[PDB]
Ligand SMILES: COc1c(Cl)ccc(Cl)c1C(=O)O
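Shown here is one chain on its own, the form solved without the ligand, set out as structure tokens.
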């Protein structure tokens, strides 16, 4: 596959991690993701340097991940800290590869490329996920399609182009009938404007803005929800979906939490998950013939994000 490795991707949501490691594949790389007894998240290559057993099937022993096959022990940095055989010796060849991980904005970000180039300044800005003004709920979903098809889906219903960031803004005075959603509709009564924005950040992290407000008031003074919609490639033809909603209205609604923690309700439904997986199963045919997609007006935002990913995939491929 052709992946963009020198970039931050979400590998998990913080609640998924524990002292029991989680095995998850990121850009065709099996990682063992666990949280150390002092709370710091580690990401080790899920292939023991000895005879390749899966570290993610082990447990922590004195805060060290102990391989379930023969008991080599590893720290968050990948250094072998205990060898229970023979002279107990730990040459450098017993170290497992370690990945940069930064926990920020209720997200576990990982750098799968050159670990020396990992720069926390490049992590996309998702502060609303930790903002006490917002109520943030969400979850995880696995999808059997290449990540770019869900990037299209999400970049879909003014387009500003920046460096490693793209914005697709739509302001809707009144709409086709009423430009009010059921959750927004109960807020006020006087005539309203609505917004439907989404921001794309380098590789495949996205944040939308769904808003309704009386008359023509500050966009930020509206009743709104910011959607976390982040994709991380799993294999060339599969990916992980991290979705979440940060709402500023009816914050302490235990009922609203239920519908928004649903897979079909916050991200793509059953017919919407079926569309991307179904498109993916049609890839071999469209490629075998000369079948290229037919663009419409509503595709400008998606096409520009697609071209940014294409540039990045070619630029890294040029390196190797």
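Under this definition, the rigid core comprises the largest set of C-alpha atoms superposing within 1.5 Å between the forms. Numbering follows the first chain given and starts at 1.
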From residue 157 on to residue 158, does the model leave out none, 1 to 3, 4 to 9, or 10 or more residues of the deposited sequence?
10 or more
Comparing 267 to 275 with 285 to 293, which stretch shows the greater average C-alpha B-factor in the deposited entry?
267 to 275
Per the entry, where is the mean C-alpha temperature factor higher: 94 to 102 or 185 to 193?
185 to 193
Top residue by Cα temperature factor, when 29, 66, 262, 56 are compared in the entry
262
Taking the Cα B-factors listed in the entry, which of 248, 235, 79, 228 comes out highest?
248
CA B-factor ranking of residue 257, expressed as a third of its chain
highest
Could you look up the Cα B-factor of residue 73 in the entry and say which third of the chain it sits in: lowest, middle or highest?
middle
Third assignment of residue 119 from its chain's C-alpha B-factors
lowest
What third of its chain's C-alpha B-factors does residue 207 belong to: lowest, middle or highest?
middle
Quick tally, chain-level thirds of C-alpha B-factors: residue 199 sits in the middle
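The same protein also exists as the form deposited with the ligand bound; that form is not shown, yet it is the one meant from here on.
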If the cut-off is 4.5 angstroms on heavy atoms, which of these, 41, 260, 27, 45, is the one near the ligand in the bound PDB entry?
260
Select from the listed residues 33, 276, 60, 268 the one whose heavy atoms reach within 4.5 Å of the ligand in the bound PDB entry.
268
Each of 102, 106 and 109 having a non-hydrogen atom within 4.5 Å of the ligand in the bound PDB entry: is that the case here?
no
What stretch, of 123 to 131, 159 to 167, 222 to 230, 141 to 149, brings heavy atoms to within 4.5 Å of the ligand in the bound PDB entry?
222 to 230
Can any non-hydrogen atom of residue 179 be found within 4.5 angstroms of the ligand in the bound PDB entry?
no
Is there a heavy atom of residue 184 no more than 4.5 Å from a heavy atom of the ligand in the bound PDB entry?
yes
Does residue 118 reach the ligand in the bound PDB entry, with heavy atoms at most 4.5 Å apart?
no
The ligand contact at residue 155 in the bound PDB entry, heavy atom, 4.5 Å:
no
Along 194 to 210, which positions have a non-hydrogen atom within 4.5 Å of the ligand in the bound PDB entry?
208, 210
Superpose on the rigid core and name the single residue from 102, 185, 122, 237 whose Cα moves by 2 angstroms or more between the shown form and the other one.
185
Can a Cα shift of no less than 2 Å be assigned to residue 45 between the shown form and the other one, given superposition on the rigid core?
no
Rigid-core frame, C-alpha of residue 262, shift of 2 angstroms or more between the shown form and the other one:
yes
Answer yes if the Cα of residue 176 shifts by 2 angstroms or more between the shown form and the other one on a rigid-core superposition, and no otherwise.
yes
Inter-Cα distance between residue 264 and residue 223 in the bound PDB entry, nearer or further [3 Å or more]:
closer
Taking the shown form as reference, are the C-alpha positions of residue 264 and residue 137 brought closer or pushed farther apart in the bound PDB entry, with a change of 3 Å or more?
closer
